[PDB]
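One file, my_file.pdb, is given below (PDB, C-alpha atoms).
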```
ATOM      1  CA  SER A   1     -56.126 -66.748  35.347
ATOM      2  CA  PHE A   2     -55.577 -66.453  31.599
ATOM      3  CA  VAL A   3     -56.551 -69.471  29.536
ATOM      4  CA  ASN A   4     -53.264 -69.286  27.647
ATOM      5  CA  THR A   5     -51.048 -69.015  30.699
ATOM      6  CA  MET A   6     -51.320 -72.767  30.945
ATOM      7  CA  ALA A   7     -49.989 -73.035  27.384
ATOM      8  CA  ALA A   8     -47.349 -70.445  28.266
ATOM      9  CA  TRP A   9     -46.050 -72.397  31.239
ATOM     10  CA  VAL A  10     -45.762 -75.490  29.053
ATOM     11  CA  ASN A  11     -43.499 -73.564  26.726
ATOM     12  CA  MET A  12     -41.548 -71.868  29.535
ATOM     13  CA  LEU A  13     -40.756 -75.222  31.172
ATOM     14  CA  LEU A  14     -40.389 -77.810  28.348
ATOM     15  CA  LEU A  15     -40.699 -76.798  24.682
ATOM     16  CA  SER A  16     -38.672 -73.617  24.121
ATOM     17  CA  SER A  17     -40.297 -73.210  20.720
ATOM     18  CA  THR A  18     -40.990 -70.085  18.715
ATOM     19  CA  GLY A  19     -43.897 -71.975  17.163
ATOM     20  CA  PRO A  20     -47.501 -70.755  17.058
ATOM     21  CA  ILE A  21     -49.870 -70.429  20.023
ATOM     22  CA  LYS A  22     -53.501 -70.460  19.048
ATOM     23  CA  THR A  23     -55.374 -71.148  22.270
ATOM     24  CA  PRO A  24     -59.150 -71.764  22.098
ATOM     25  CA  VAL A  25     -62.194 -71.260  24.293
ATOM     26  CA  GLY A  26     -64.921 -73.474  22.938
ATOM     27  CA  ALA A  27     -66.534 -74.216  26.293
ATOM     28  CA  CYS A  28     -67.497 -77.896  26.627
ATOM     29  CA  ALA A  29     -65.958 -78.542  23.193
ATOM     30  CA  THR A  30     -62.603 -76.737  23.425
ATOM     31  CA  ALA A  31     -60.635 -80.001  23.318
ATOM     32  CA  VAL A  32     -61.916 -80.831  19.834
ATOM     33  CA  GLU A  33     -61.830 -77.217  18.583
ATOM     34  CA  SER A  34     -58.216 -77.414  19.778
ATOM     35  CA  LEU A  35     -57.528 -80.493  17.644
ATOM     36  CA  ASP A  36     -59.055 -78.629  14.717
ATOM     37  CA  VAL A  37     -56.919 -75.561  15.340
ATOM     38  CA  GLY A  38     -53.679 -77.508  15.614
ATOM     39  CA  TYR A  39     -54.711 -79.484  12.526
ATOM     40  CA  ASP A  40     -55.258 -76.437  10.290
ATOM     41  CA  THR A  41     -52.180 -74.754  11.707
ATOM     42  CA  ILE A  42     -50.049 -77.753  10.740
ATOM     43  CA  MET A  43     -51.490 -78.073   7.230
ATOM     44  CA  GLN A  44     -50.637 -74.419   6.573
ATOM     45  CA  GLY A  45     -46.937 -74.790   7.249
ATOM     46  CA  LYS A  46     -47.104 -72.938  10.542
ATOM     47  CA  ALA A  47     -45.849 -75.996  12.442
ATOM     48  CA  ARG A  48     -44.937 -79.650  12.002
ATOM     49  CA  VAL A  49     -45.431 -80.865  15.569
TER
ATOM     50  CA  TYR B   1     -28.975 -71.882  22.674
ATOM     51  CA  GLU B   2     -26.697 -69.586  24.608
ATOM     52  CA  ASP B   3     -28.074 -66.057  24.587
ATOM     53  CA  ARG B   4     -25.190 -65.009  22.346
ATOM     54  CA  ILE B   5     -26.536 -67.152  19.502
ATOM     55  CA  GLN B   6     -30.247 -66.559  19.934
ATOM     56  CA  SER B   7     -30.986 -63.989  17.237
ATOM     57  CA  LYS B   8     -29.074 -66.081  14.728
ATOM     58  CA  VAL B   9     -30.721 -69.379  15.677
ATOM     59  CA  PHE B  10     -34.138 -67.753  15.318
ATOM     60  CA  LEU B  11     -33.325 -66.347  11.889
ATOM     61  CA  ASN B  12     -31.684 -69.320  10.254
ATOM     62  CA  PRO B  13     -34.439 -71.925   9.488
ATOM     63  CA  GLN B  14     -31.812 -74.699   9.222
ATOM     64  CA  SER B  15     -30.192 -74.319  12.628
ATOM     65  CA  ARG B  16     -30.705 -77.533  14.569
ATOM     66  CA  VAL B  17     -29.564 -79.106  17.808
ATOM     67  CA  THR B  18     -26.675 -81.526  18.165
ATOM     68  CA  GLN B  19     -26.341 -84.025  21.007
ATOM     69  CA  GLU B  20     -23.392 -83.151  23.251
ATOM     70  CA  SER B  21     -20.764 -84.611  25.598
ATOM     71  CA  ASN B  22     -23.085 -84.556  28.643
ATOM     72  CA  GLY B  23     -25.942 -86.261  26.770
ATOM     73  CA  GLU B  24     -27.407 -82.786  26.387
ATOM     74  CA  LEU B  25     -29.336 -81.337  23.469
ATOM     75  CA  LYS B  26     -27.936 -77.946  22.507
ATOM     76  CA  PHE B  27     -27.686 -75.706  19.506
ATOM     77  CA  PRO B  28     -24.180 -75.496  17.965
ATOM     78  CA  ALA B  29     -22.049 -72.353  18.610
TER
ATOM     79  CA  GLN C   1     -38.514 -62.211  20.177
ATOM     80  CA  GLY C   2     -40.444 -65.213  18.936
ATOM     81  CA  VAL C   3     -41.891 -62.970  16.275
ATOM     82  CA  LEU C   4     -38.375 -62.459  14.841
ATOM     83  CA  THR C   5     -38.616 -65.864  13.159
ATOM     84  CA  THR C   6     -41.131 -64.690  10.547
ATOM     85  CA  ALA C   7     -38.074 -63.393   8.796
ATOM     86  CA  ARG C   8     -36.114 -66.624   9.278
ATOM     87  CA  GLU C   9     -34.319 -67.517   6.082
ATOM     88  CA  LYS C  10     -31.043 -69.054   4.963
ATOM     89  CA  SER C  11     -30.144 -67.444   1.654
ATOM     90  CA  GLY C  12     -27.838 -69.250  -0.753
ATOM     91  CA  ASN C  13     -25.345 -67.279  -2.871
ATOM     92  CA  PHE C  14     -28.222 -66.670  -5.275
ATOM     93  CA  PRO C  15     -31.856 -65.732  -4.549
ATOM     94  CA  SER C  16     -34.425 -68.460  -5.092
ATOM     95  CA  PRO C  17     -35.811 -68.283  -8.639
ATOM     96  CA  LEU C  18     -39.238 -68.028  -7.082
ATOM     97  CA  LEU C  19     -38.646 -64.557  -5.670
ATOM     98  CA  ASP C  20     -38.514 -63.449  -9.342
ATOM     99  CA  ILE C  21     -42.084 -63.071 -10.588
ATOM    100  CA  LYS C  22     -41.236 -63.804 -14.216
ATOM    101  CA  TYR C  23     -39.834 -67.227 -13.369
ATOM    102  CA  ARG C  24     -43.127 -67.924 -11.636
ATOM    103  CA  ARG C  25     -44.787 -66.548 -14.750
ATOM    104  CA  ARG C  26     -42.995 -69.046 -16.948
ATOM    105  CA  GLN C  27     -43.671 -71.984 -14.690
ATOM    106  CA  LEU C  28     -47.313 -70.987 -14.306
ATOM    107  CA  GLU C  29     -48.245 -70.538 -17.972
ATOM    108  CA  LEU C  30     -46.048 -73.559 -18.545
ATOM    109  CA  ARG C  31     -48.436 -75.581 -16.400
ATOM    110  CA  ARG C  32     -51.355 -73.732 -17.986
ATOM    111  CA  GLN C  33     -50.435 -75.195 -21.340
ATOM    112  CA  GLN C  34     -49.567 -78.526 -19.739
ATOM    113  CA  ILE C  35     -53.095 -78.313 -18.343
ATOM    114  CA  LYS C  36     -54.829 -77.238 -21.556
ATOM    115  CA  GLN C  37     -53.491 -80.366 -23.300
ATOM    116  CA  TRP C  38     -54.566 -82.639 -20.459
ATOM    117  CA  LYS C  39     -58.030 -81.138 -20.957
ATOM    118  CA  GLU C  40     -58.412 -82.438 -24.524
ATOM    119  CA  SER C  41     -56.593 -85.696 -23.777
ATOM    120  CA  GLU C  42     -59.254 -86.389 -21.123
ATOM    121  CA  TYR C  43     -62.096 -85.684 -23.545
ATOM    122  CA  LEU C  44     -60.573 -88.477 -25.621
ATOM    123  CA  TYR C  45     -60.248 -90.943 -22.743
ATOM    124  CA  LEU C  46     -63.796 -90.175 -21.586
ATOM    125  CA  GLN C  47     -64.901 -90.517 -25.211
ATOM    126  CA  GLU C  48     -63.485 -94.001 -25.762
ATOM    127  CA  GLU C  49     -64.775 -95.067 -22.346
ATOM    128  CA  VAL C  50     -68.297 -93.934 -23.331
ATOM    129  CA  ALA C  51     -68.465 -96.306 -26.269
ATOM    130  CA  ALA C  52     -66.350 -98.807 -24.270
ATOM    131  CA  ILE C  53     -69.120 -99.215 -21.653
ATOM    132  CA  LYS C  54     -71.794 -99.740 -24.323
ATOM    133  CA  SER C  55     -70.146-103.030 -25.389
ATOM    134  CA  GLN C  56     -70.013-104.295 -21.779
ATOM    135  CA  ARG C  57     -73.778-103.823 -21.453
ATOM    136  CA  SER C  58     -76.043-106.770 -20.710
ATOM    137  CA  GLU C  59     -79.745-106.381 -21.573
ATOM    138  CA  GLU C  60     -80.661-106.935 -17.895
ATOM    139  CA  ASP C  61     -78.563-103.862 -17.046
ATOM    140  CA  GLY C  62     -80.182-100.424 -17.078
ATOM    141  CA  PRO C  63     -79.500 -98.290 -20.223
ATOM    142  CA  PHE C  64     -77.015 -95.386 -20.083
ATOM    143  CA  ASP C  65     -78.237 -91.850 -20.621
ATOM    144  CA  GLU C  66     -75.319 -90.737 -22.738
ATOM    145  CA  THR C  67     -76.754 -87.209 -22.573
ATOM    146  CA  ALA C  68     -76.707 -87.458 -18.765
ATOM    147  CA  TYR C  69     -73.448 -89.390 -18.268
ATOM    148  CA  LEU C  70     -71.710 -87.291 -20.967
ATOM    149  CA  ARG C  71     -72.909 -84.039 -19.392
ATOM    150  CA  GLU C  72     -71.746 -84.726 -15.849
ATOM    151  CA  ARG C  73     -68.454 -86.039 -17.208
ATOM    152  CA  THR C  74     -67.559 -83.073 -19.442
ATOM    153  CA  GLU C  75     -68.747 -80.595 -16.827
ATOM    154  CA  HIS C  76     -66.444 -82.514 -14.518
ATOM    155  CA  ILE C  77     -63.458 -82.293 -16.815
ATOM    156  CA  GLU C  78     -64.235 -78.591 -17.049
ATOM    157  CA  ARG C  79     -64.334 -78.192 -13.276
ATOM    158  CA  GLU C  80     -61.262 -80.416 -12.842
ATOM    159  CA  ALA C  81     -59.550 -78.227 -15.416
ATOM    160  CA  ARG C  82     -60.277 -74.953 -13.642
ATOM    161  CA  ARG C  83     -59.448 -76.761 -10.398
ATOM    162  CA  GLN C  84     -56.070 -77.724 -11.740
ATOM    163  CA  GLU C  85     -55.598 -74.163 -13.036
ATOM    164  CA  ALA C  86     -56.229 -72.289  -9.816
ATOM    165  CA  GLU C  87     -54.209 -75.013  -8.089
ATOM    166  CA  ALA C  88     -51.075 -74.311 -10.122
ATOM    167  CA  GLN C  89     -51.851 -70.639  -9.684
ATOM    168  CA  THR C  90     -51.753 -71.395  -5.958
ATOM    169  CA  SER C  91     -48.368 -73.076  -6.062
ATOM    170  CA  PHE C  92     -46.775 -70.285  -8.072
ATOM    171  CA  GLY C  93     -48.253 -67.091  -6.709
ATOM    172  CA  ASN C  94     -49.855 -67.681  -3.348
ATOM    173  CA  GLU C  95     -48.036 -70.475  -1.542
ATOM    174  CA  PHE C  96     -44.698 -70.760  -3.329
ATOM    175  CA  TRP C  97     -42.893 -69.727  -0.135
ATOM    176  CA  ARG C  98     -44.667 -72.348   2.015
ATOM    177  CA  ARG C  99     -41.968 -73.927   4.154
ATOM    178  CA  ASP C 100     -39.137 -72.757   1.880
ATOM    179  CA  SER C 101     -35.886 -72.704   3.891
ATOM    180  CA  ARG C 102     -34.614 -70.032   1.500
ATOM    181  CA  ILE C 103     -37.559 -67.641   1.797
ATOM    182  CA  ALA C 104     -38.609 -65.787   4.957
ATOM    183  CA  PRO C 105     -42.406 -65.946   5.237
ATOM    184  CA  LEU C 106     -42.254 -62.103   5.172
ATOM    185  CA  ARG C 107     -40.399 -62.076   1.842
ATOM    186  CA  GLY C 108     -42.779 -64.651   0.499
ATOM    187  CA  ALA C 109     -46.060 -63.002   1.381
ATOM    188  CA  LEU C 110     -44.666 -59.714   0.041
ATOM    189  CA  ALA C 111     -43.011 -60.972  -3.139
ATOM    190  CA  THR C 112     -46.253 -62.693  -4.190
ATOM    191  CA  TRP C 113     -47.605 -59.219  -4.945
ATOM    192  CA  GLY C 114     -44.356 -58.094  -6.497
ATOM    193  CA  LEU C 115     -42.895 -56.386  -3.463
ATOM    194  CA  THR C 116     -39.810 -56.491  -1.273
ATOM    195  CA  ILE C 117     -39.068 -55.441   2.273
ATOM    196  CA  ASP C 118     -38.304 -51.978   0.936
ATOM    197  CA  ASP C 119     -41.989 -51.523  -0.039
ATOM    198  CA  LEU C 120     -43.045 -52.138   3.577
ATOM    199  CA  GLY C 121     -43.829 -48.560   4.518
ATOM    200  CA  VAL C 122     -45.483 -48.299   7.897
ATOM    201  CA  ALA C 123     -45.114 -50.469  10.958
ATOM    202  CA  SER C 124     -47.865 -50.124  13.580
ATOM    203  CA  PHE C 125     -46.386 -50.916  16.953
ATOM    204  CA  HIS C 126     -48.003 -52.409  20.028
ATOM    205  CA  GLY C 127     -45.980 -49.750  21.815
ATOM    206  CA  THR C 128     -47.804 -49.837  25.087
ATOM    207  CA  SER C 129     -45.740 -47.162  26.823
ATOM    208  CA  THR C 130     -44.106 -49.790  29.024
ATOM    209  CA  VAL C 131     -40.379 -49.685  29.475
ATOM    210  CA  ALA C 132     -39.469 -52.974  27.853
ATOM    211  CA  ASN C 133     -42.208 -53.601  25.246
ATOM    212  CA  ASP C 134     -41.008 -50.611  23.274
ATOM    213  CA  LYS C 135     -37.308 -51.472  23.183
ATOM    214  CA  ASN C 136     -38.185 -55.033  22.243
ATOM    215  CA  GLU C 137     -40.700 -54.148  19.526
ATOM    216  CA  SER C 138     -38.322 -51.856  17.726
ATOM    217  CA  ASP C 139     -35.527 -54.396  18.193
ATOM    218  CA  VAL C 140     -37.630 -57.183  16.678
ATOM    219  CA  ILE C 141     -39.065 -55.311  13.717
ATOM    220  CA  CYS C 142     -35.584 -53.867  13.174
ATOM    221  CA  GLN C 143     -33.652 -57.208  13.147
ATOM    222  CA  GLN C 144     -36.437 -58.462  10.918
TER
ATOM    223  CA  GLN D   1     -77.333 -79.362  14.542
ATOM    224  CA  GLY D   2     -74.643 -77.172  13.047
ATOM    225  CA  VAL D   3     -72.456 -80.241  13.009
ATOM    226  CA  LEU D   4     -74.845 -81.921  10.546
ATOM    227  CA  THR D   5     -73.337 -79.897   7.697
ATOM    228  CA  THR D   6     -70.089 -81.871   7.669
ATOM    229  CA  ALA D   7     -72.126 -84.315   5.623
ATOM    230  CA  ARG D   8     -73.545 -81.768   3.093
ATOM    231  CA  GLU D   9     -73.423 -82.888  -0.517
ATOM    232  CA  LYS D  10     -75.406 -82.665  -3.741
ATOM    233  CA  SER D  11     -74.826 -85.879  -5.646
ATOM    234  CA  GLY D  12     -75.324 -85.943  -9.411
ATOM    235  CA  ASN D  13     -76.746 -89.067 -11.074
ATOM    236  CA  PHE D  14     -73.178 -90.411 -11.036
ATOM    237  CA  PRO D  15     -70.570 -90.322  -8.233
ATOM    238  CA  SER D  16     -67.681 -87.959  -8.745
ATOM    239  CA  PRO D  17     -64.781 -89.766 -10.424
ATOM    240  CA  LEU D  18     -62.637 -88.685  -7.500
ATOM    241  CA  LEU D  19     -64.418 -90.949  -5.043
ATOM    242  CA  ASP D  20     -62.914 -93.822  -7.075
ATOM    243  CA  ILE D  21     -59.288 -94.280  -5.981
ATOM    244  CA  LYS D  22     -58.107 -95.690  -9.294
ATOM    245  CA  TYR D  23     -59.174 -92.563 -11.175
ATOM    246  CA  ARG D  24     -57.094 -90.592  -8.692
ATOM    247  CA  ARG D  25     -54.371 -93.166  -9.324
ATOM    248  CA  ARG D  26     -54.401 -92.478 -13.034
ATOM    249  CA  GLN D  27     -54.448 -88.718 -12.626
ATOM    250  CA  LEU D  28     -51.706 -88.824 -10.017
ATOM    251  CA  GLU D  29     -49.162 -91.009 -11.858
ATOM    252  CA  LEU D  30     -50.270 -89.081 -14.935
ATOM    253  CA  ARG D  31     -48.967 -85.926 -13.287
ATOM    254  CA  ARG D  32     -45.977 -87.924 -11.976
ATOM    255  CA  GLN D  33     -44.872 -88.528 -15.542
ATOM    256  CA  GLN D  34     -45.876 -85.028 -16.550
ATOM    257  CA  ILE D  35     -43.563 -83.995 -13.728
ATOM    258  CA  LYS D  36     -40.678 -86.328 -14.542
ATOM    259  CA  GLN D  37     -40.445 -84.793 -18.049
ATOM    260  CA  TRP D  38     -40.557 -81.266 -16.696
ATOM    261  CA  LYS D  39     -37.617 -82.283 -14.533
ATOM    262  CA  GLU D  40     -35.315 -83.011 -17.493
ATOM    263  CA  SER D  41     -36.699 -80.152 -19.567
ATOM    264  CA  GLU D  42     -35.608 -77.805 -16.765
ATOM    265  CA  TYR D  43     -32.092 -79.264 -16.673
ATOM    266  CA  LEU D  44     -31.923 -78.211 -20.315
ATOM    267  CA  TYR D  45     -33.196 -74.678 -19.747
ATOM    268  CA  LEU D  46     -30.871 -74.221 -16.764
ATOM    269  CA  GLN D  47     -28.092 -75.672 -18.887
ATOM    270  CA  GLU D  48     -28.454 -73.237 -21.787
ATOM    271  CA  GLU D  49     -28.850 -70.367 -19.318
ATOM    272  CA  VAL D  50     -25.558 -71.369 -17.669
ATOM    273  CA  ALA D  51     -23.584 -70.875 -20.850
ATOM    274  CA  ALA D  52     -25.942 -68.021 -21.808
ATOM    275  CA  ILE D  53     -24.791 -65.922 -18.801
ATOM    276  CA  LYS D  54     -21.117 -66.497 -19.598
ATOM    277  CA  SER D  55     -21.492 -64.533 -22.850
ATOM    278  CA  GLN D  56     -23.150 -61.593 -21.049
ATOM    279  CA  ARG D  57     -20.178 -61.299 -18.705
ATOM    280  CA  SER D  58     -18.110 -58.110 -18.575
ATOM    281  CA  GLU D  59     -14.594 -58.372 -17.142
ATOM    282  CA  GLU D  60     -15.526 -55.848 -14.422
ATOM    283  CA  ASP D  61     -18.242 -58.282 -13.292
ATOM    284  CA  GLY D  62     -17.411 -60.974 -10.736
ATOM    285  CA  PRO D  63     -16.785 -64.510 -12.147
ATOM    286  CA  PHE D  64     -19.452 -67.209 -11.795
ATOM    287  CA  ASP D  65     -18.719 -70.305  -9.746
ATOM    288  CA  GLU D  66     -20.356 -72.743 -12.096
ATOM    289  CA  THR D  67     -19.802 -75.440  -9.464
ATOM    290  CA  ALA D  68     -21.673 -73.250  -6.984
ATOM    291  CA  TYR D  69     -24.373 -71.806  -9.237
ATOM    292  CA  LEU D  70     -24.869 -75.211 -10.872
ATOM    293  CA  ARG D  71     -25.157 -76.956  -7.517
ATOM    294  CA  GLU D  72     -27.778 -74.676  -6.003
ATOM    295  CA  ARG D  73     -29.721 -74.768  -9.265
ATOM    296  CA  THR D  74     -29.874 -78.547  -9.719
ATOM    297  CA  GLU D  75     -30.540 -79.095  -6.019
ATOM    298  CA  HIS D  76     -33.328 -76.587  -6.573
ATOM    299  CA  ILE D  77     -34.817 -78.373  -9.552
ATOM    300  CA  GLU D  78     -34.644 -81.518  -7.419
ATOM    301  CA  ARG D  79     -36.477 -79.828  -4.561
ATOM    302  CA  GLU D  80     -38.943 -78.205  -6.910
ATOM    303  CA  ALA D  81     -39.496 -81.632  -8.429
ATOM    304  CA  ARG D  82     -40.287 -83.337  -5.132
ATOM    305  CA  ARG D  83     -42.294 -80.257  -4.215
ATOM    306  CA  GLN D  84     -44.340 -80.615  -7.345
ATOM    307  CA  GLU D  85     -44.717 -84.349  -6.635
ATOM    308  CA  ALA D  86     -46.062 -84.160  -3.121
ATOM    309  CA  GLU D  87     -48.199 -81.244  -4.343
ATOM    310  CA  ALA D  88     -49.998 -83.318  -6.962
ATOM    311  CA  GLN D  89     -50.117 -86.068  -4.350
ATOM    312  CA  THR D  90     -51.948 -83.510  -2.208
ATOM    313  CA  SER D  91     -54.526 -82.600  -4.840
ATOM    314  CA  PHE D  92     -55.354 -86.244  -5.599
ATOM    315  CA  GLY D  93     -55.250 -88.020  -2.259
ATOM    316  CA  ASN D  94     -55.457 -85.529   0.561
ATOM    317  CA  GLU D  95     -57.435 -82.486  -0.513
ATOM    318  CA  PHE D  96     -59.366 -83.643  -3.583
TER
END
```
Here is the file; what I need is its structure written in the form of structure tokens.
Amino acid sequence: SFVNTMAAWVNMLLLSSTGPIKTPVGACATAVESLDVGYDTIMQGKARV
Amino acid sequence: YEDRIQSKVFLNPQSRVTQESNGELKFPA
Amino acid sequence: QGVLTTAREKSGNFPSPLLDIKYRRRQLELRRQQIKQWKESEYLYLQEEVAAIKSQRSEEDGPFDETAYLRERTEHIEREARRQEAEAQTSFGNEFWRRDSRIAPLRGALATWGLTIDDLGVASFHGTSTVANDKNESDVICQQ
Amino acid sequence: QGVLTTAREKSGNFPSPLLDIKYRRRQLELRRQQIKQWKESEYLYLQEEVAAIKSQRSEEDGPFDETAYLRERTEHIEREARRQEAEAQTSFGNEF
């Protein structure tokens, strides 16, 4: 039921990465807020993909 | 990575995966 | 133990120069000078260009407020100076460990204030009284 | 209309130089040179310091692998060069 369990399962089944996991709840706009989050995260050295 | 290697693989920022004999992507032991 | 990798680092025989604050000192004030001289050099370029745009002026073109144009432009070189300053400051104090294979992000963040892992005094644990989360936590922070 | 403020700006009588790509060109390749000369200058400093640490060497101290120490150190100046490059590239194209 957790919003980030989706993300978790992605990592437990495909990408076995120790990368970041910032998972957002921006209601109707989460998908963009998500793009933003990944964007910032990448431009701060946290991740490259 | 085999479990044996894990701590090391995590801690060395260079460690990367080499293609293997079975087509498989693995870390190197 | 994902969190273990905030101490990931492959250390060559010798510590990165950058861990040493004085090296960063050199390099910083080095660029500070390098910047100070750019500052003047730009006053020149923007000086020649002032007069240089007067001779390309048709009489159907609107006159230049030198006082205006000169203002904005100096002010700008001033800003752009400071900008460049803080920016080099950034690359030599704040972010010098950004993506460095030879500096664990922990080292980095710490060293930028003149500290090493030995200065790290207290670790607050999640320590939720569960069987495994307390082994693990110790184990991670320890290996770290 | 929170989103409106991704277009906030107070424009002086004249557009910021930076909007003009050629100005950023100048300034960038300006720093590229400025960087290229630092590169050599550092080979010097790290050259003198090589020999300079030989004369501070006791016989109870472990010998220096010049080949090693020199390697890491050049490689480093190389990295630090590129690093400085992309970094100025950053301040003049990406994040200006």
Find the distance between atom CA of residue C:99 and atom CA of residue C:112 and write it in Å to one decimal. 14.6 Å
Interatomic distance between atom CA of residue C:123 and atom CA of residue C:103?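 Taking atom CA of residue C:123 as the start and atom CA of residue C:103 as the end point, the length is 20.9 Å.
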With 12 Å as the threshold, what does the neighbourhood of (-53.3, -87.8, -20.3) contain in terms of residues, counting only C-alpha atoms? Coordinates are those of the file; answer as a PyMOL selection string. (chain C and resi 34-46) or (chain D and resi 23+26-34)
Listing only residues of chain C within 10 Å of chain A, what is the closest atom pair and its distance in Å (to one decimal) for each, using all atoms listed in the file, sorted by chain and residue number ascending, as a Markdown table?
```
| residue | atom | partner | partner_atom | distance |
| --- | --- | --- | --- | --- |
| C:1 | CA | A:18 | CA | 8.4 |
| C:2 | CA | A:18 | CA | 4.9 |
| C:3 | CA | A:18 | CA | 7.6 |
| C:4 | CA | A:18 | CA | 8.9 |
| C:5 | CA | A:18 | CA | 7.4 |
| C:6 | CA | A:18 | CA | 9.8 |
| C:95 | CA | A:44 | CA | 9.4 |
| C:97 | CA | A:45 | CA | 9.8 |
| C:98 | CA | A:45 | CA | 6.2 |
| C:99 | CA | A:45 | CA | 5.9 |
| C:100 | CA | A:45 | CA | 9.7 |
| C:105 | CA | A:46 | CA | 10.0 |
```
Could you tell me how far atom CA of residue C:102 lies from atom CA of residue C:11, in Å and to one decimal?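 Computing the Euclidean distance for atom CA of residue C:102 and atom CA of residue C:11 yields 5.2 Å.
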So what does the ChimeraX specification (/A :<12) & /D actually pick up in this one, as a VMD selection string? chain D and resid 90 94 to 95
Against chain C, which residues of chain B fall within 8 Å? For each one I want the closest pair of atoms and the distance in Å (one decimal), counting all atoms listed in the file, rows by chain and increasing residue number, as CSV.
```
residue,atom,partner,partner_atom,distance
B:7,CA,C:4,CA,7.9
B:10,CA,C:5,CA,5.3
B:11,CA,C:8,CA,3.8
B:12,CA,C:9,CA,5.3
B:13,CA,C:8,CA,5.6
B:14,CA,C:101,CA,7.0
```
Matched chain/residue IDs from the ChimeraX specification (/D :<8) & /C, as a list in words: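 Checked against the file, the ChimeraX specification (/D :<8) & /C matches residues 12, 13, 14, 68, 69 and 72 of chain C.
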Which of A:4, A:22, A:14, A:27 sits closest to residue A:40 [using all atoms listed in the file]: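 Among the listed residues, A:22 lies closest to residue A:40.
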Spatial neighbours of residue B:15, max dist 10 Å, only C-alpha atoms, sep filter under 6 positions, as JSON, numbers by chain: {"B": [8, 9, 27, 28], "C": [10]}
